[PDB]
Amino acid sequence: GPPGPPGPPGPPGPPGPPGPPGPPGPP
Amino acid sequence: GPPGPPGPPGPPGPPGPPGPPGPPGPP
Amino acid sequence: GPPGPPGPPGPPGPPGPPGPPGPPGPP
């Protein structure tokens, strides 16, 4: 008969990367 | 009928960790 | 026809936010 429907959504992706360095401390 | 097509990609992953601390302030 | 396979793992997440402030400067 006809093809079945598309599969389920895949898994959520991997975490994003570590953020940028923070700002300098005060004098 | 044949097995169906692949499902769609899952969503983007979670945000990455906070970045590292900034450097020491000026003198 | 059986449901197709699951979709692929999703894309990476976004970067984390910038890190905390650096430590106070030296005397």
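- The deposited coordinates derive from X-ray crystallography, with the record listing a resolution of 1.45 Å.

1. Some remarks on the relation of the copies chain B and chain A
- For the pair chain B and chain A, the best superposition has an RMSD of 0.4 Å and corresponds to a rotation of 104° with a translation of 2.8 Å parallel to the axis.
- Most of the interface of chain B is mirrored in chain A, where 100% of its interface residues again form contacts.

2. Focus: the interface of chain B and chain C
- Each side of the interface is counted separately: chain B has 27 residues, and chain C has 26 residues.
- Carbon and sulfur atoms supply 57% of the area that chain B and chain C bury against each other, a total of about 1,500 Å² over both sides.
- Residue composition of the side of chain B that touches chain C, by class: 18 nonpolar, 9 polar and no charged.

3. Looking at the interface of chain B and chain A
- If you look at the interface, chain B gives 27 residues, while chain A gives 27 residues.
- Together, the buried faces of chain B and chain A total about 1,500 Å²; carbon and sulfur atoms form 57% of this surface.
- The interface formed by chain B and chain A holds 0 salt bridges in total.
- Across the chain B-chain A interface, the total number found is 8 residue pairs in polar contact.

Cut-off values and rules
- Summary of conventions: residues on each chain are numbered from 1 in written sequence order, possibly unlike the entry numbering, and any residue without coordinates is omitted from what is shown.
- Labels are handed out in written order, letters beginning with A for the chains and numbers beginning with 1 for the ligands.
- To get the side-chain values, take all heavy atoms of the structure and skip hydrogens and water.
- Copies overlaid by least squares; the fit is on C-alpha atoms.
- For this analysis, residues touch if any pair of their heavy atoms sits within 4.5 Å.
- Once two parts are put together, the accessible area they lose, assessed with a 1.4 Å probe and summed over both, is termed the buried area.
- Residue polarity follows a fixed list, in which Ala, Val, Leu, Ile, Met, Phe, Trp, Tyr, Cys and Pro are nonpolar, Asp, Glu, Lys and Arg are charged, and the others, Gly among them, are polar.
- Just to be clear on terms, a salt bridge is a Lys or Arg side-chain nitrogen sitting within 4 Å of an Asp or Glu carboxyl oxygen.
- Polar contacts, as used here, are pairs of N or O atoms within 3.5 Å; protein pairs need one atom able to donate a hydrogen and one able to accept it. Residues neighboring in sequence count only if both atoms are side-chain atoms.

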